[PDB]
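A.B. asks: One file is attached below, run_7.txt, containing compact mmCIF, C-alpha atoms.
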```
# COMPACT_ATOMS: atom_id res chain seq x y z
CA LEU N 171 26.98 64.98 -158.37
CA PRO N 172 28.45 67.30 -155.70
CA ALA N 173 26.63 70.37 -154.38
CA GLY N 174 26.40 73.42 -156.64
CA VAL N 175 26.57 71.23 -159.73
CA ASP N 176 23.54 71.96 -161.89
CA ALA N 177 21.96 69.64 -164.45
CA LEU N 178 21.83 71.18 -167.92
CA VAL N 179 19.18 68.89 -169.44
CA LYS N 180 15.66 69.47 -168.08
CA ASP N 181 13.67 66.96 -166.03
CA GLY N 182 11.92 64.20 -167.99
CA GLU N 183 14.03 64.71 -171.12
CA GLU N 184 15.71 62.30 -173.54
CA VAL N 185 19.44 61.80 -172.93
CA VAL N 186 21.83 60.23 -175.44
CA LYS N 187 24.80 58.06 -174.42
CA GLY N 188 27.83 60.23 -173.66
CA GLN N 189 25.85 63.48 -173.63
CA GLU N 190 26.71 65.78 -170.73
CA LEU N 191 24.09 66.14 -168.03
CA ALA N 192 26.29 68.51 -166.00
CA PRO N 193 29.95 69.60 -165.83
CA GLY N 194 31.24 66.18 -164.74
CA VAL N 195 28.20 64.02 -165.49
CA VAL N 196 28.51 61.78 -168.56
CA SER N 197 25.54 59.62 -169.62
CA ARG N 198 26.22 55.92 -170.17
CA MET N 199 22.88 55.10 -171.87
CA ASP N 200 19.96 56.31 -174.01
CA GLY N 201 16.83 57.11 -172.01
CA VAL N 202 14.96 59.64 -169.86
CA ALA N 203 16.80 61.14 -166.86
CA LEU N 204 14.96 62.39 -163.76
CA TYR N 205 15.91 64.88 -161.04
CA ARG N 206 16.32 63.31 -157.61
CA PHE N 207 15.77 65.57 -154.59
CA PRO N 208 16.46 68.92 -156.25
CA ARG N 209 18.56 71.04 -153.92
CA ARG N 210 17.21 74.29 -155.38
CA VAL N 211 13.99 75.45 -157.08
CA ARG N 212 13.84 78.81 -158.91
CA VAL N 213 10.37 80.35 -159.32
CA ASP N 214 9.92 83.36 -161.60
CA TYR N 215 6.74 85.26 -160.72
CA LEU N 216 4.65 87.24 -163.21
CA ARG N 217 3.96 90.93 -162.58
CA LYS N 218 1.60 93.13 -164.62
CA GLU N 219 1.11 96.90 -164.80
CA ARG N 220 -0.64 99.43 -167.01
CA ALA N 221 2.01 102.12 -167.35
CA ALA N 222 1.77 105.48 -169.09
CA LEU N 223 4.56 106.38 -171.52
CA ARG N 224 5.06 109.73 -173.24
CA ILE N 225 7.49 110.09 -176.16
CA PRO N 226 7.61 112.46 -179.18
CA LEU N 227 5.89 110.88 -182.22
CA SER N 228 8.53 112.28 -184.57
CA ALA N 229 10.90 109.61 -183.31
CA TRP N 230 8.41 107.00 -181.99
CA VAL N 231 8.33 103.46 -183.42
CA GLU N 232 4.66 102.72 -183.90
CA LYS N 233 4.08 99.18 -182.73
CA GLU N 234 1.14 97.36 -181.16
CA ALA N 235 3.10 94.42 -179.76
CA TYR N 236 6.44 95.11 -178.09
CA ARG N 237 8.35 91.95 -177.19
CA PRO N 238 11.56 91.74 -175.16
CA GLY N 239 14.33 93.49 -177.08
CA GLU N 240 11.86 95.06 -179.52
CA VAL N 241 13.22 98.54 -180.18
CA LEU N 242 11.12 101.19 -178.46
CA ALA N 243 10.90 104.41 -180.44
CA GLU N 244 14.03 106.31 -181.44
CA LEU N 245 14.21 109.71 -179.71
CA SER N 246 16.14 111.92 -182.15
CA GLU N 247 17.33 114.30 -179.43
CA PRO N 248 17.50 113.43 -175.71
CA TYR N 249 13.97 113.77 -174.37
CA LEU N 250 12.78 114.64 -170.89
CA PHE N 251 9.79 112.59 -169.76
CA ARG N 252 7.41 115.23 -168.44
CA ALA N 253 5.18 114.63 -165.43
CA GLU N 254 1.45 114.79 -165.94
CA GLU N 255 0.73 114.39 -162.20
CA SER N 256 1.76 115.77 -158.80
CA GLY N 257 2.41 113.50 -155.83
CA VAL N 258 4.84 111.14 -154.15
CA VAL N 259 6.94 109.29 -156.72
CA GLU N 260 8.69 105.94 -156.48
CA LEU N 261 11.30 104.05 -158.47
CA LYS N 262 10.88 100.44 -159.51
CA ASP N 263 14.04 99.33 -161.25
CA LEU N 264 13.00 97.06 -164.06
CA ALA N 265 16.17 95.34 -165.22
CA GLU N 266 17.63 97.82 -167.69
CA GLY N 267 14.66 100.19 -167.27
CA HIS N 268 12.58 101.66 -164.43
CA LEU N 269 9.01 102.38 -163.26
CA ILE N 270 7.53 105.47 -161.59
CA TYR N 271 4.69 105.14 -159.09
CA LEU N 272 3.13 108.58 -158.67
CA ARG N 273 0.90 108.71 -155.60
CA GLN N 274 -0.89 111.58 -153.85
CA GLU N 275 -1.03 110.70 -150.15
CA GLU N 276 -1.47 106.92 -150.30
CA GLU N 277 -3.04 105.73 -153.58
CA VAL N 278 -1.42 106.25 -156.99
CA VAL N 279 -2.64 108.96 -159.36
CA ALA N 280 -1.01 107.26 -162.36
CA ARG N 281 1.52 104.63 -163.46
CA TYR N 282 4.74 105.38 -165.38
CA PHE N 283 7.21 103.32 -167.42
CA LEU N 284 10.89 103.92 -168.16
CA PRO N 285 12.42 102.06 -171.15
CA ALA N 286 15.99 100.73 -171.11
CA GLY N 287 18.38 103.66 -171.01
CA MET N 288 15.70 106.14 -169.99
CA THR N 289 17.10 107.34 -166.69
CA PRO N 290 15.24 108.40 -163.51
CA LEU N 291 15.52 112.08 -162.62
CA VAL N 292 13.73 111.65 -159.27
CA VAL N 293 14.40 109.81 -155.99
CA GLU N 294 11.90 107.13 -154.92
CA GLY N 295 9.22 108.66 -152.69
CA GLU N 296 10.61 112.13 -153.40
CA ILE N 297 8.52 115.31 -153.35
CA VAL N 298 7.59 116.16 -156.96
CA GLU N 299 4.95 117.92 -159.05
CA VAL N 300 3.38 118.09 -162.53
CA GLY N 301 5.23 119.46 -165.58
CA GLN N 302 8.37 118.00 -164.01
CA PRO N 303 10.99 116.02 -165.98
CA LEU N 304 10.49 112.66 -164.22
CA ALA N 305 12.75 110.62 -166.50
CA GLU N 306 14.96 111.21 -169.52
CA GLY N 307 15.79 109.18 -172.61
CA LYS N 308 19.05 109.69 -174.50
CA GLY N 309 17.47 108.16 -177.59
CA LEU N 310 17.19 104.56 -178.71
CA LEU N 311 15.74 103.00 -175.53
CA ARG N 312 14.43 99.56 -176.48
CA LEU N 313 11.98 97.56 -174.36
CA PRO N 314 13.58 95.47 -171.56
CA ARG N 315 14.39 91.85 -172.38
CA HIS N 316 12.71 90.46 -169.25
CA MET N 317 9.40 92.19 -170.04
CA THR N 318 6.73 92.01 -172.76
CA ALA N 319 4.43 94.88 -173.73
CA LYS N 320 0.97 93.70 -174.74
CA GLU N 321 -2.01 95.80 -175.79
CA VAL N 322 -0.66 99.23 -176.74
CA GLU N 323 -2.88 102.27 -176.15
CA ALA N 324 -2.79 105.02 -178.78
CA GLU N 325 -3.44 108.69 -178.02
CA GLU N 326 -1.80 111.89 -179.34
CA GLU N 327 -1.85 115.61 -178.49
CA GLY N 328 0.44 116.53 -181.36
CA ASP N 329 4.25 116.41 -181.03
CA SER N 330 4.75 114.26 -177.93
CA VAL N 331 2.51 111.22 -178.19
CA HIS N 332 1.08 109.61 -175.06
CA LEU N 333 0.68 105.85 -175.14
CA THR N 334 -0.52 103.76 -172.21
CA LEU N 335 0.75 100.16 -172.15
CA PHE N 336 -0.09 96.66 -170.91
CA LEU N 337 3.06 95.36 -169.21
CA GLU N 338 3.87 91.76 -168.34
CA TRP N 339 7.22 90.88 -166.77
CA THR N 340 8.93 88.40 -164.49
CA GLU N 341 10.65 88.49 -161.10
CA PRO N 342 12.62 85.24 -160.47
CA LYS N 343 13.55 84.09 -156.97
CA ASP N 344 15.31 80.98 -155.62
CA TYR N 345 14.40 78.50 -152.92
CA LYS N 346 17.15 76.24 -151.60
CA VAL N 347 15.66 72.90 -150.51
CA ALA N 348 16.61 71.15 -147.27
CA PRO N 349 16.70 67.46 -146.21
CA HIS N 350 13.40 68.02 -144.38
CA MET N 351 11.83 69.01 -147.70
CA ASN N 352 10.60 67.35 -150.91
CA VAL N 353 9.44 68.75 -154.24
CA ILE N 354 5.67 68.53 -154.82
CA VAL N 355 4.87 70.27 -158.10
CA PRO N 356 6.54 68.98 -161.29
CA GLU N 357 9.27 70.68 -163.34
CA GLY N 358 8.14 73.41 -165.74
CA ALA N 359 4.54 73.76 -164.63
CA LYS N 360 2.11 76.66 -164.39
CA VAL N 361 1.65 77.41 -160.71
CA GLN N 362 -1.28 78.98 -158.90
CA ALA N 363 -0.83 82.12 -156.84
CA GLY N 364 -0.39 81.09 -153.21
CA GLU N 365 0.05 77.32 -153.36
CA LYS N 366 2.25 74.68 -151.73
CA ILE N 367 5.41 74.03 -153.76
CA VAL N 368 7.77 71.90 -151.66
CA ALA N 369 6.37 69.86 -148.75
CA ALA N 370 8.44 70.00 -145.57
CA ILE N 371 8.59 68.85 -141.94
CA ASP N 372 6.92 71.92 -140.43
CA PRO N 373 4.37 73.89 -142.48
CA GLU N 374 6.79 76.82 -142.15
CA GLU N 375 9.58 75.39 -144.31
CA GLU N 376 6.92 74.51 -146.90
CA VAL N 377 7.18 76.67 -150.01
CA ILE N 378 4.14 78.85 -150.71
CA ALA N 379 3.94 80.85 -153.96
CA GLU N 380 3.81 84.63 -153.48
CA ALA N 381 2.02 85.25 -156.81
CA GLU N 382 1.07 83.55 -160.06
CA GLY N 383 4.36 82.00 -161.12
CA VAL N 384 6.20 79.22 -162.89
CA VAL N 385 8.29 76.46 -161.31
CA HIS N 386 11.80 75.36 -162.30
CA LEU N 387 14.09 72.72 -160.82
CA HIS N 388 17.85 73.27 -160.57
CA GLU N 389 21.05 71.66 -159.23
CA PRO N 390 19.52 68.43 -157.83
CA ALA N 391 21.48 66.24 -155.41
CA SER N 392 21.68 63.59 -158.13
CA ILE N 393 20.10 62.62 -161.44
CA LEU N 394 19.79 59.27 -163.21
CA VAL N 395 18.70 58.18 -166.67
CA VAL N 396 16.64 55.08 -167.48
CA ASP X 94 27.25 29.04 -149.41
CA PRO X 95 24.54 30.48 -147.08
CA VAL X 96 26.98 32.45 -144.89
CA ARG X 97 28.54 34.70 -147.55
CA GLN X 98 25.17 34.63 -149.36
CA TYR X 99 23.10 37.15 -147.41
CA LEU X 100 26.15 39.38 -146.87
CA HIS X 101 26.76 39.60 -150.62
CA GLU X 102 23.03 40.04 -151.28
CA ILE X 103 22.60 43.03 -148.96
CA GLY X 104 26.01 44.41 -149.92
CA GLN X 105 24.51 44.78 -153.38
CA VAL X 106 21.99 47.42 -152.31
CA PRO X 107 23.44 50.58 -150.70
CA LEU X 108 22.45 52.45 -147.54
CA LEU X 109 20.41 55.61 -147.07
CA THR X 110 21.50 59.07 -145.90
CA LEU X 111 19.19 61.65 -144.26
CA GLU X 112 17.76 62.70 -147.65
CA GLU X 113 16.60 59.32 -148.91
CA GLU X 114 15.75 58.21 -145.36
CA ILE X 115 13.39 61.04 -144.38
CA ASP X 116 11.90 60.87 -147.86
CA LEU X 117 11.21 57.12 -147.70
CA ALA X 118 9.58 57.34 -144.27
CA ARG X 119 7.42 60.17 -145.61
CA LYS X 120 6.43 58.04 -148.62
CA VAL X 121 5.41 55.16 -146.35
CA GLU X 122 3.29 57.32 -144.05
CA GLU X 123 1.69 58.94 -147.12
CA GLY X 124 0.74 55.53 -148.47
CA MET X 125 -0.66 54.55 -145.07
CA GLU X 126 -2.84 57.63 -144.77
CA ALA X 127 -3.80 57.14 -148.43
CA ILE X 128 -5.11 53.71 -147.46
CA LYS X 129 -7.07 55.16 -144.55
CA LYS X 130 -8.37 57.70 -147.08
CA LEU X 131 -9.54 54.96 -149.45
CA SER X 132 -10.84 53.04 -146.46
CA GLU X 133 -13.95 55.19 -146.69
CA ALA X 134 -14.10 55.05 -150.48
CA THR X 135 -15.75 51.64 -150.74
CA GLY X 136 -15.97 51.10 -146.99
CA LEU X 137 -13.04 48.67 -146.81
CA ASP X 138 -10.91 48.31 -143.67
CA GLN X 139 -7.53 50.08 -143.72
CA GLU X 140 -5.82 46.70 -143.35
CA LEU X 141 -7.86 45.04 -146.12
CA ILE X 142 -6.88 47.12 -149.17
CA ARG X 143 -3.45 47.44 -147.54
CA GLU X 144 -2.72 43.77 -148.16
CA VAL X 145 -4.67 44.05 -151.41
CA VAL X 146 -1.71 46.20 -152.51
CA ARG X 147 0.57 43.16 -152.03
CA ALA X 148 -1.37 41.23 -154.68
CA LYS X 149 0.31 43.18 -157.47
CA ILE X 150 3.46 44.40 -155.65
CA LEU X 151 5.77 41.89 -153.91
CA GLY X 152 4.28 39.05 -155.86
CA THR X 153 1.41 38.39 -158.25
CA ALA X 154 0.29 34.83 -157.60
CA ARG X 155 2.69 33.99 -154.76
CA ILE X 156 1.40 35.97 -151.77
CA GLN X 157 -2.06 34.47 -151.29
CA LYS X 158 -1.77 31.20 -153.21
CA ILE X 159 -0.37 29.03 -150.42
CA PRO X 160 -0.67 30.37 -146.88
CA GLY X 161 -1.94 26.90 -146.06
CA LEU X 162 -4.81 25.15 -147.82
CA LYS X 163 -6.94 28.25 -147.15
CA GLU X 164 -6.37 32.00 -147.00
CA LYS X 165 -7.66 34.88 -149.14
CA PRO X 166 -7.59 33.39 -152.72
CA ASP X 167 -6.94 35.58 -155.77
CA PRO X 168 -10.24 34.91 -157.57
CA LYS X 169 -12.64 34.89 -154.60
CA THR X 170 -11.85 37.15 -151.63
CA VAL X 171 -9.23 39.20 -153.49
CA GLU X 172 -10.35 39.89 -157.08
CA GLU X 173 -13.63 41.46 -155.99
CA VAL X 174 -11.54 43.90 -153.95
CA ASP X 175 -9.04 44.59 -156.76
CA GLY X 176 -11.63 45.52 -159.38
CA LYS X 177 -13.96 47.26 -156.94
CA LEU X 178 -12.19 50.53 -156.19
CA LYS X 179 -10.91 50.17 -159.74
CA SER X 180 -13.70 52.46 -160.91
CA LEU X 181 -13.46 55.74 -158.99
CA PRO X 182 -12.67 59.31 -160.15
CA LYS X 183 -9.26 61.09 -159.95
CA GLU X 184 -9.64 62.15 -156.29
CA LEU X 185 -9.71 58.47 -155.43
CA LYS X 186 -7.70 56.67 -158.12
CA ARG X 187 -4.67 58.82 -157.14
CA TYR X 188 -4.50 57.45 -153.57
CA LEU X 189 -4.04 54.08 -155.27
CA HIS X 190 -0.64 55.12 -156.57
CA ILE X 191 0.12 56.87 -153.30
CA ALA X 192 -0.40 53.49 -151.64
CA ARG X 193 1.54 51.64 -154.35
CA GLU X 194 4.61 53.81 -153.96
CA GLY X 195 4.29 54.01 -150.18
CA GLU X 196 4.07 50.22 -149.92
CA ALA X 197 7.12 49.80 -152.14
CA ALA X 198 9.10 52.48 -150.28
CA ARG X 199 8.45 50.57 -147.04
CA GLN X 200 10.23 47.45 -148.25
CA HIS X 201 12.88 49.76 -149.71
CA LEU X 202 13.81 51.45 -146.42
CA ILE X 203 13.82 47.97 -144.86
CA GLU X 204 16.33 46.67 -147.42
CA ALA X 205 18.37 49.82 -146.79
CA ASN X 206 18.64 49.12 -143.05
CA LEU X 207 19.22 45.39 -143.53
```
Would you encode the structure as structure tokens?

C.D. replies:
Amino acid sequence: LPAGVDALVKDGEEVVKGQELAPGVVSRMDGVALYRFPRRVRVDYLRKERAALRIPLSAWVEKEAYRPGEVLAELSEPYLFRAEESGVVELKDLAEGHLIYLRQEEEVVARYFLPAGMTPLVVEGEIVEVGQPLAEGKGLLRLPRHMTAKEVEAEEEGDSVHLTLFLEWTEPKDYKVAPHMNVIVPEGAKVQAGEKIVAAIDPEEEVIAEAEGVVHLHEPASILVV
Amino acid sequence: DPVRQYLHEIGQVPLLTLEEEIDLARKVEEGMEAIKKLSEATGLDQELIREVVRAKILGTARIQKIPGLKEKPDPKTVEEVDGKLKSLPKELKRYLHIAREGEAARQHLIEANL
């Protein structure tokens, strides 16, 4: 198969006669196909944060486990997300949503989460203070589909309820292999933080995981079933 | 016909581009160093277990059975080397396959450049 062509079926998977393995690839037999010299490997890293979220209870959906797409609260009327800390902000765009890093001087004084559709009212690294409308929801605002919220934290002052969260998401990145390279780790495998992925000529071209991730093989030079 | 013979035999197996080539050479060297690695496992010379790979690879009974009336027979000077390193943990038993695949890849690259 020519460059750019990706194999639909995953590595080490049963393939029926005639079944497509790619746009122009048509299997001629029943067996298990294997990737040969994958020309690209996409690794999605895992990133965790304990964010603080503040939303009025009147509209809040009370849920311990928020999965991707799980609808986060309601927000009857558009609600300003009020700052509980003064310092230097920051904006981490999380897919549909965002994240605020509030830091006095260097270290952070707190961690903040913005659900999908809850928009940032402050520039990254901008001068801000407490009691300040950091974000705003227009209502609705479900959890992002690339991120899971484990381990909810329940606390309430009355009207606007403050819940801390345990956030686990992913940040995918691609690595295009070269002829001087060869895949080491197998397809679909849990990968240690900071480990060799694809062995190369010089140790430089060698792929070294930036964080605890997962490995995925894509668009190999060729594939064959046996 | 012997003339056409070899030509049609090698014309059966294709060539190798940079990808396959570099890979194959890497496989071979990995098998070699794997042998040197296992050369300290039981204390066997890097050349010894090296040919011991041949016993199950490019023929079973045909590599050592007739290099003359005497050589390194399968039961005597071979079998005690085949079932010796045969009991070693993961960190050893893996280099076995590294040497298997390296040894095969050698012959492969050869056939490719034939």

A.B. asks: Taking all atoms listed in the file into account, report as an mmCIF file with C-alpha atoms, in the frame of the given file which residues of chain N lie within 10 Å of chain X.

C.D. replies:
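Dumped to out-v8.cif:
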```cif
data_model
loop_
_atom_site.group_PDB
_atom_site.id
_atom_site.type_symbol
_atom_site.label_atom_id
_atom_site.label_comp_id
_atom_site.auth_asym_id
_atom_site.auth_seq_id
_atom_site.Cartn_x
_atom_site.Cartn_y
_atom_site.Cartn_z
ATOM 1 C CA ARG N 206 16.320 63.310 -157.610
ATOM 2 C CA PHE N 207 15.770 65.570 -154.590
ATOM 3 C CA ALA N 348 16.610 71.150 -147.270
ATOM 4 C CA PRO N 349 16.700 67.460 -146.210
ATOM 5 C CA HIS N 350 13.400 68.020 -144.380
ATOM 6 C CA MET N 351 11.830 69.010 -147.700
ATOM 7 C CA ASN N 352 10.600 67.350 -150.910
ATOM 8 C CA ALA N 370 8.440 70.000 -145.570
ATOM 9 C CA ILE N 371 8.590 68.850 -141.940
ATOM 10 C CA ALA N 391 21.480 66.240 -155.410
#
```

A.B. asks: Compare X:102, X:172, X:194, X:204 by their minimum atom-to-atom distance to residue X:127, counting only C-alpha atoms, and give me the closest one.

C.D. replies: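 For residue X:127, the nearest of the candidates is X:194.
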
A.B. asks: May I ask for the distance between atom CA of residue N:215 and atom CA of residue N:387, given in Å to one decimal place?

C.D. replies: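 According to the coordinates, atom CA of residue N:215 and atom CA of residue N:387 are separated by 14.5 Å.
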
A.B. asks: Scan for residues within 12 Å of the point (30.1, 63.1, -167.2) in the coordinates of the file, using all atoms listed in the file, and reply as number ranges by chain.

C.D. replies: N: 171, 175, 177-178, 187-199, 393-394

A.B. asks: At a cut-off of 12 Å, using only C-alpha atoms, what residues contact stretch 96-100 of chain X? Leave out same-chain residues fewer than 4 positions from it and give the result as a PDB file with C-alpha atoms, keeping the file's coordinate frame.

C.D. replies:
```pdb
ATOM      1  CA  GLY X 104      26.010  44.410-149.920  1.00  0.00           C
ATOM      2  CA  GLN X 105      24.510  44.780-153.380  1.00  0.00           C
ATOM      3  CA  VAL X 106      21.990  47.420-152.310  1.00  0.00           C
ATOM      4  CA  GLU X 204      16.330  46.670-147.420  1.00  0.00           C
ATOM      5  CA  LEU X 207      19.220  45.390-143.530  1.00  0.00           C
TER       6      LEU X 207
END
```

A.B. asks: What is the distance between atom CA of residue X:205 and atom CA of residue X:192, in Å to one decimal?

C.D. replies: 19.7 Å

A.B. asks: Under the rule that all atoms listed in the file are counted, which of X:134, X:197, X:189, X:156 is the nearest residue to residue X:120?

C.D. replies: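 Looking only at the distances to residue X:120, the closest residue turns out to be X:197.
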
A.B. asks: Could you build a table of the residues in stretch 287-352 of chain N lying no more than 12 Å from stretch 272-279 of chain N, giving for each the nearest pair of atoms and their separation in Å rounded to one decimal place, using all atoms listed in the file, ordered by chain and ascending residue number, as a tab-separated table?

C.D. replies:
```
residue	atom	partner	partner_atom	distance
N:292	CA	N:272	CA	11.1
N:293	CA	N:272	CA	11.6
N:294	CA	N:272	CA	9.6
N:295	CA	N:272	CA	8.5
N:296	CA	N:272	CA	9.8
N:297	CA	N:272	CA	10.1
N:298	CA	N:272	CA	9.0
N:299	CA	N:272	CA	9.5
N:300	CA	N:272	CA	10.3
N:304	CA	N:272	CA	10.1
```

A.B. asks: Suppose we keep C-alpha atoms; can you now write the selection as a CSV table (one decimal), in the coordinates of the input?

C.D. replies:
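Saved file part_11.csv follows:
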```
chain,number,residue,atom,x,y,z
N,292,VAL,CA,13.7,111.6,-159.3
N,293,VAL,CA,14.4,109.8,-156.0
N,294,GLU,CA,11.9,107.1,-154.9
N,295,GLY,CA,9.2,108.7,-152.7
N,296,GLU,CA,10.6,112.1,-153.4
N,297,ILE,CA,8.5,115.3,-153.4
N,298,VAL,CA,7.6,116.2,-157.0
N,299,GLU,CA,5.0,117.9,-159.0
N,300,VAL,CA,3.4,118.1,-162.5
N,304,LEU,CA,10.5,112.7,-164.2
```

A.B. asks: Looking at all atoms listed in the file, which of N:365, N:321, N:181, N:344 is the one that sits closest to residue N:220?

C.D. replies: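 Residue with the minimum atom-to-atom distance to residue N:220: N:321.
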
A.B. asks: Tell me, in Å to one decimal, how far atom CA of residue N:337 is from atom CA of residue N:266.

C.D. replies: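 It comes out at 14.9 Å.
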
A.B. asks: Write out as a PDB file with C-alpha atoms, keeping the file's coordinate frame each polymer residue whose atoms come within 10 Å of stretch 228-236 of chain N, counting all atoms listed in the file; drop sequence neighbours fewer than 6 positions from it.

C.D. replies:
```pdb
ATOM      1  CA  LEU N 242      11.120 101.190-178.460  1.00  0.00           C
ATOM      2  CA  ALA N 243      10.900 104.410-180.440  1.00  0.00           C
ATOM      3  CA  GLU N 244      14.030 106.310-181.440  1.00  0.00           C
ATOM      4  CA  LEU N 245      14.210 109.710-179.710  1.00  0.00           C
ATOM      5  CA  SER N 246      16.140 111.920-182.150  1.00  0.00           C
ATOM      6  CA  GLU N 247      17.330 114.300-179.430  1.00  0.00           C
ATOM      7  CA  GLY N 309      17.470 108.160-177.590  1.00  0.00           C
ATOM      8  CA  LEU N 310      17.190 104.560-178.710  1.00  0.00           C
ATOM      9  CA  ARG N 312      14.430  99.560-176.480  1.00  0.00           C
ATOM     10  CA  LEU N 313      11.980  97.560-174.360  1.00  0.00           C
ATOM     11  CA  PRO N 314      13.580  95.470-171.560  1.00  0.00           C
ATOM     12  CA  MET N 317       9.400  92.190-170.040  1.00  0.00           C
ATOM     13  CA  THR N 318       6.730  92.010-172.760  1.00  0.00           C
ATOM     14  CA  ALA N 319       4.430  94.880-173.730  1.00  0.00           C
ATOM     15  CA  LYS N 320       0.970  93.700-174.740  1.00  0.00           C
ATOM     16  CA  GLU N 321      -2.010  95.800-175.790  1.00  0.00           C
ATOM     17  CA  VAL N 322      -0.660  99.230-176.740  1.00  0.00           C
ATOM     18  CA  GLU N 323      -2.880 102.270-176.150  1.00  0.00           C
ATOM     19  CA  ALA N 324      -2.790 105.020-178.780  1.00  0.00           C
ATOM     20  CA  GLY N 328       0.440 116.530-181.360  1.00  0.00           C
ATOM     21  CA  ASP N 329       4.250 116.410-181.030  1.00  0.00           C
ATOM     22  CA  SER N 330       4.750 114.260-177.930  1.00  0.00           C
ATOM     23  CA  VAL N 331       2.510 111.220-178.190  1.00  0.00           C
ATOM     24  CA  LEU N 335       0.750 100.160-172.150  1.00  0.00           C
ATOM     25  CA  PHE N 336      -0.090  96.660-170.910  1.00  0.00           C
ATOM     26  CA  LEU N 337       3.060  95.360-169.210  1.00  0.00           C
TER      27      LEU N 337
END
```

A.B. asks: Could you put an axis-aligned box around every listed atom of stretch 111-129 of chain X, padded by 4 Å on each side, and send me its centre and edge lengths in Å to one decimal, as AutoDock Vina command-line options?

C.D. replies:
```
--center_x 6.1 --center_y 58.2 --center_z -146.5 --size_x 34.3 --size_y 17.0 --size_z 12.9
```

A.B. asks: Which one of X:203, X:94, X:174, X:117 sits closest to residue X:141 if you count all atoms listed in the file?

C.D. replies: X:174

A.B. asks: Contacts of residue X:132 at 10 Å or less, counting all atoms listed in the file, minus same-chain residues fewer than 6 places along, as an mmCIF file with C-alpha atoms, keeping the file's coordinate frame?

C.D. replies:
```cif
data_model
loop_
_atom_site.group_PDB
_atom_site.id
_atom_site.type_symbol
_atom_site.label_atom_id
_atom_site.label_comp_id
_atom_site.auth_asym_id
_atom_site.auth_seq_id
_atom_site.Cartn_x
_atom_site.Cartn_y
_atom_site.Cartn_z
ATOM 1 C CA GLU X 126 -2.840 57.630 -144.770
ATOM 2 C CA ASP X 138 -10.910 48.310 -143.670
ATOM 3 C CA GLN X 139 -7.530 50.080 -143.720
ATOM 4 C CA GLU X 140 -5.820 46.700 -143.350
ATOM 5 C CA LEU X 141 -7.860 45.040 -146.120
ATOM 6 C CA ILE X 142 -6.880 47.120 -149.170
ATOM 7 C CA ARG X 143 -3.450 47.440 -147.540
#
```

A.B. asks: Please provide as a list in words all residues within 9 Å of residue N:377, with the sequence filter that same-chain residues fewer than 4 positions apart are discarded (counting only C-alpha atoms).

C.D. replies: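 Listing them by chain and then by number gives residues 345, 365, 366, 367, 368, 369, 370 and 373 of chain N.
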